[PDB]
Amino acid sequence: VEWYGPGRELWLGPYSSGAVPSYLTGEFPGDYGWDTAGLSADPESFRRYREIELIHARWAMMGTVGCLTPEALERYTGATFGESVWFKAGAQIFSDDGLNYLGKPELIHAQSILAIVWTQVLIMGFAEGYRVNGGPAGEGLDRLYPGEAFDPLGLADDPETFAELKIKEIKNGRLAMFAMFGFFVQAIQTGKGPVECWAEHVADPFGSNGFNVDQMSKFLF
Amino acid sequence: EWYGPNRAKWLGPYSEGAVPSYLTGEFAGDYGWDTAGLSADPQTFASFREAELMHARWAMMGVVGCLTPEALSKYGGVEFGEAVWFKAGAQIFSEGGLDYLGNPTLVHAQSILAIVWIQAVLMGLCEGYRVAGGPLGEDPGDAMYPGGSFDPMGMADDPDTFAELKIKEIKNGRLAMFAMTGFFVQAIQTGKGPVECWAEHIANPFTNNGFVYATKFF
Amino acid sequence: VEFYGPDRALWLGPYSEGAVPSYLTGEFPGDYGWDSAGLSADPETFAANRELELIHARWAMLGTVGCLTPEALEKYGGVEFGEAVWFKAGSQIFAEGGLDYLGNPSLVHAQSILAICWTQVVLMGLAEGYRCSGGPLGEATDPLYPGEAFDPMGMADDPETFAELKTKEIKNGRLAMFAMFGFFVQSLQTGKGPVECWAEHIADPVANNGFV
Ligand code: CHL
Ligand code: CHL
Ligand SMILES: CC1=C[C@H](O)CC(C)(C)[C@H]1/C=C/C(C)=C/C=C/C(C)=C/C=C/C=C(C)/C=C/C=C(\CO)C(=O)CC1=C(C)C[C@@H](O)CC1(C)C
Ligand SMILES: CC1=C[C@H](O)CC(C)(C)[C@H]1/C=C/C(C)=C/C=C/C(C)=C/C=C/C=C(C)/C=C/C=C(\CO)C(=O)CC1=C(C)C[C@@H](O)CC1(C)C
Ligand SMILES: CC1=C[C@H](O)CC(C)(C)[C@H]1/C=C/C(C)=C/C=C/C(C)=C/C=C/C=C(C)/C=C/C=C(\CO)C(=O)CC1=C(C)C[C@@H](O)CC1(C)C
Ligand SMILES: CC1=C[C@H](O)CC(C)(C)[C@H]1/C=C/C(C)=C/C=C/C(C)=C/C=C/C=C(C)/C=C/C=C(\CO)C(=O)CC1=C(C)C[C@@H](O)CC1(C)C
């Protein structure tokens with residue numbers, strides 16, 4: 001096909017022949033043959049890295065959406081968040097009114113960071129224990145693609161469509177991981193939110209670009 | 001002396017027991033230094049060897065490229081806009097521009113965007129040729145030692161001299177990598193170019209050690 | 001039967017099965033089956049990682065004790081040091097009086113950082129070479145548990161007690177590594193010594209914390 005097997009699409013296009021590791025045979029989703037460092041030579045380490053990459057991809061997609069949503073709502077809509085910027089959103093818990101969802105005092109209206117931290121650690125501990133072990137939402141199933149309770153719409157029923165959807169998921173997750181790394185670097189250098197950066201760039205693409213005197217005078221703060 | 005069981009190991013006389021079993025002194029620069037076991041897997045070993053050699057060659061280029069402008073400006077007579085390596089790039093954001101060797105008739109770069117994109121295209125083509133062959137060859141070598149077109153003088157036509165030159169290359173590249181890390185750390189801590197730091201140290205060595213800016217880690 | 005074998009104490013408790021890699025069979029001390037990144041799948045890499053972890057653990061225990069002792073002695077004992085704070089303790093070599101041990105002017109009274117560094121490199125290079133290959137104090141029988149001259153009290157003469165003590169050592173060392181990471185992060189964030197942080201937290205805990 002196009003995403004699996006020897007005739008798939010590789011990570012260097014025409015110049016990939018000879019740079020493809022022998023253990024990357026196009027069996028798993030997102031197999032572009034990019035293992036120049038040889039970190040996934042061991043099959044056990046390979047599947048550990050696949051699990052880590054997929055979890056990172058899903059977390060990064062969720063984080064990209066949740067970082068773009070508030071700042072976009074503040075600038076391009078009448079929403080009035082206390083701190084719409086993603087890297088300054090955690091600081092509202094130290095403010096007078098705390099975290100207000102959508103800016104309304106009547107939603108959540110957090111005041112203590114202690115309850116937030118415990119509740120989160122307890123909930124995520126149970127969730128991750130269930131992910132690695134199984135629980136109320138499934139006992140067996142794959143560690144990366146459980147399905148059943150996590151595939152209610154039944155989109156992953158045809159094996160070919162399942163493989164294509166896995167390719168789409170891993171590619172979108174890698175794109176979101178790249179975007180989240182970009183968010184980190186822009187926050188460190190520019191100090192302003194991704195939506196603000198995008199608006200400034202589309203305003204003056206040649207002037208307000210990344211090659212700036214102050215934006216490049218320091219390496220990672 | 002550089003290959004085989006009786007070679008020169010990393011810990012010297014205290015090397016017995018510190019040499020991994022998979023480091024049998026077959027490849028260039030095998031001092032038996034692997035304490036983390038990162039190169040135990042032969043495929044990972046080969047990948048790490050390729051990465052090490054590419055880093056070594058890049059660092060040997062980089063040390064000369066970082067020392068030559070500063071040396072020419074300080075000890076010679078050339079008048080570069082920015083002599084130090086860690087502020088050379090900032091010269092692109094100057095009224096005069098990025099003039100080569102201070103001459104406004106040479107290079108006279110004015111646009112960082114064109115520079116970065118032509119560099120990206122050219123280096124993409126070069127690195128694609130490096131790992132998959134191209135106009136200069138079909139990559140006959142191990143992707144580290146092609147030869148044929150990258151060895152025009154024929155200095156590696158004798159296997160013994162080839163092995164000796166590989167040892168010399170890897171040792172020089174490791175030394176250059178060490179010096180390049182030194183350049184990075186000196187730039188971060190002291191904020192001065194390598195030539196300036198070296199000249200200062202030769203003046204009053206006992207007072208200008210690295211134990212002056214020991215505070216403020218990075 | 002609790003820290004070794006198949007039915008061990010694992011790093012996830014009841015949610016551990018299906019997350020413990022097959023190459024962690026509980027043969028070595030401190031085997032909670034925590035290898036989620038697959039960094040120790042290769043047995044030789046696993047042995048190298050075990051050696052690195054144990055050396056780090058011992059160094060971290062020593063460092064935790066040696067970072068807590070001066071500040072605790074200054075704050076509670078009364079001994080006046082030049083810089084009792086662990087991350088400020090290096091700088092006193094650059095002071096006028098110098099690095100005087102325990103504040104007393106007749107102890108050590110170091111005046112040269114260069115001499116200190118160039119003696120430490122030699123002494124520790126010799127010590128590390130003896131650790132890897134053996135020397136005056138042994139023949140490097142075991143890279144991690146040489147015994148003999150390094151076990152003068154003879155507390156490792158029983159295999160069961162030896163295994164129990166190895167488990168205790170590795171757990172204490174992991175705890176000390178965690179504490180040293182905490183020390184580093186507190187120094188970077190708060191800028192004050194661990195004893196000062198602990199005293200301030202015990203004074204008013206509900207306000208003096210990491211979220212300030
Ligand atoms: C034929 C040309 C072709 C080339 C040259 C590449 C090259 C690349 N592809 Mg690619 N592809 C190509 C065709 C294709 N690709 C793909 C599908 C993919 C995918 C899915 C992915 C890639 C990725 C990559 C990158 C992996 C290596 C890397 O990270 O470099 C970067 C390393 C460098 C050293 C670049 C340095 C040059 C740069 C100008 C530096 C910038 C200079 C700064 C100003 C200095 C920084 C300052 C200081 C502080 C450091 C690389 C850019 C991966 C990627 O995007 O990772 C990032 C990836 O996931 N490719 C397809 C579809 C089948 C192609 C079809 O023809
Ligand atoms: C018998 C004595 C002998 C000893 C003890 C060593 C020891 C060493 N050799 Mg060596 N060699 C020796 C004989 C020989 N060597 C070599 C050929 C080589 C080579 C080719 C290489 C070595 C390297 C090394 C180093 C590898 C381990 C390391 O990185 O430690 C360093 C780790 C430490 C923890 C020591 C640091 C001490 C320092 C005082 C710490 C203090 C830090 C700061 C002051 C403050 C801290 C900073 C804070 C703020 C974060 C190590 C210094 C390698 C190297 O140079 O890598 C760097 C390397 O490539 N050796 C030959 C020729 C065959 C020898 C012949 O007898
Ligand atoms: C391939 C390969 C082969 C070679 O051989 C070796 C090799 C080169 C190494 C190797 C290549 C590997 C590569 C490239 C590695 C790159 C890894 C990267 C960049 C991973 C990025 C991860 C990004 C993540 C998870 C972001 C999560 C964000 C969240 C949390 O969900 C929030 O936003 C949460 C959030 C939200 C939503 C609102 C805010 O207000 C507050 C916060 C809490 C921040
Ligand atoms: C052995 C071993 C076994 C154990 O078991 C585990 C272990 C200990 C981990 C392991 C040991 C491994 C070790 C020691 C790792 C060390 C790796 C290091 C330090 C690599 C260093 C790389 C250095 C490089 C490429 C520098 C290039 C510079 C350039 C680019 O060409 C320019 O200067 C370019 C340039 C020039 C020329 C002019 C300037 O104006 C502008 C710029 C762009 C900067
Ligand atoms: C035996 C033998 C026999 C053969 O026959 C020939 C042979 C092979 C040649 C020969 C071999 C010899 C061998 C192997 C010996 C090994 C030598 C060693 C280990 C020397 C190490 C010296 C260590 C030094 C100076 C550390 C100083 C740190 C500074 C100062 O600058 C900081 O400020 C620290 C610092 C701070 C505080 C803030 C950070 O931000 C930045 C940094 C720099 C990290
Ligand atoms: C398990 C696992 C499985 C997965 O699959 C992948 C995985 C998650 C990655 C993996 C997990 C691994 C993990 C968690 C890694 C964590 C590593 C850490 C935090 C190690 C910490 C080490 C800290 C040390 C040595 C401290 C030494 C201190 C000294 C020196 O002795 C002094 O204080 C010396 C000193 C003293 C005493 C007085 C002061 O004044 C001056 C100084 C010099 C500072």
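In each ligand, atom 1 is the first atom listed, and ligand 1 is the first ligand listed. These numbers come from the heavy atoms of this one structure, side chains and all, not from hydrogens, waters or symmetry mates. A, B, ... follow the sequence lines: proteins, then strands. Residue 1 opens every chain.
For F45(B) and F27(B), the gap between ring centers is short of 6.0 Å. Proximity of the aromatic rings of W86(C) and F184(C) is defined here by a centroid distance below 6.0 angstrom, and this criterion is met.
Of the candidates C132(C), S15(B), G125(C), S133(C), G125(C) brings a heavy atom nearest to atom 5 (C) of ligand 2. For atom 49 (C) of ligand 2, the nearest non-hydrogen atom from the set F184(C), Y14(B), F217(B), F178(B) comes from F217(B).
Partners of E128(C) by side chain to side chain donor-acceptor pair (under 3.5 Å), not counting sequence neighbours, listed by chain and number: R131(C). In this view, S149(B) satisfies the side chain to side chain donor-acceptor pair (under 3.5 Å) rule with no residue, not counting sequence neighbours. Every residue meeting the side-chain contact (heavy atoms from CB on, under 4.5 Å) condition with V107(B), not counting sequence neighbours, appears here in chain and number order: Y100(B), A109(B).
Shown in contact with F218(B) at under 4.0 Å from a heavy atom are these atoms of ligand 5, numbered in order with element: 40 (O). The contact set between ligand 5 and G210(B), taken as ligand atoms under 4.0 Å from a residue heavy atom, comprises 30 (C), 31 (O), 33 (O). Interface atoms of ligand 5 facing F217(B), defined by a heavy-atom separation under 4.0 Å, are 38 (C), 39 (C), 40 (O). Those atoms of ligand 2 with a heavy atom of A8(B) less than 4.0 angstrom away are 63 (C).
Remark: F28(C) CZ to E53(C) CD distance equals 12.0 Å, nearest 0.5 Å. For the atom pair CE (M155(B)) and OG1 (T161(B)), the distance works out to 8.5 Å, reported to the nearest 0.5 Å. In this structure, CZ in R49(B) is found 9.5 Å from CD in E52(B), a value given to the nearest 0.5 Å.
At least one heavy atom of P13(B) sits closer than 4.0 Å to an atom of ligand 2. The closest approach between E128(C) and ligand 2 stays at or above 4.0 Å for every heavy atom of the residue.
Not a single N or O atom of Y213(B), backbone or side chain, sits closer than 3.5 Å to an N or O atom of ligand 5. In terms of polar-atom proximity, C117(C) is not counted as a contact of ligand 5, lacking any N or O under 3.5 Å from an N or O of the ligand. Considering backbone and side-chain atoms alike, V121(C) places every N or O at 3.5 Å or more from each N or O of ligand 5. In terms of polar-atom proximity, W10(B) is counted as a contact of ligand 2, with an N or O under 3.5 Å from an N or O of the ligand.
Between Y23(C) and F46(C), the ring planes lie perpendicular to each other; the angle is over 60°, past the 30° to 60° tilted range.
Counted within 6.0 Å of CG on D142(B), heavy atoms from surrounding residues, nucleotides or ligands total 12 or fewer; the atom is thus considered open. Annotation: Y75(B), atom OH; neighbour count of heavy atoms from other residues, nucleotides and ligands within 6.0 Å is above 12.
Contacts of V121(C) with ligand 2, taken as heavy-atom pairs under 4.0 Å, involve the side chain alone. Only the backbone of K9(B) comes within 4.0 Å of ligand 2, judged by heavy-atom distances.
Using a heavy-atom distance under 4.0 Å as the criterion, the protein contacts of ligand 4 are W33(B), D34(B), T35(B), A36(B), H55(B), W58(B), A59(B), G62(B), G65(B), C66(B), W85(B), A88(B), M177(B), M180(B), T181(B).
Side-chain contact of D99(B) with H108(B): a donor-acceptor pair under 3.5 Å is present, judged by distance alone.
For the pair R130(B) and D139(B), the salt-bridge criterion is not met [side-chain N within less than 4.0 Å of a carboxylate O].
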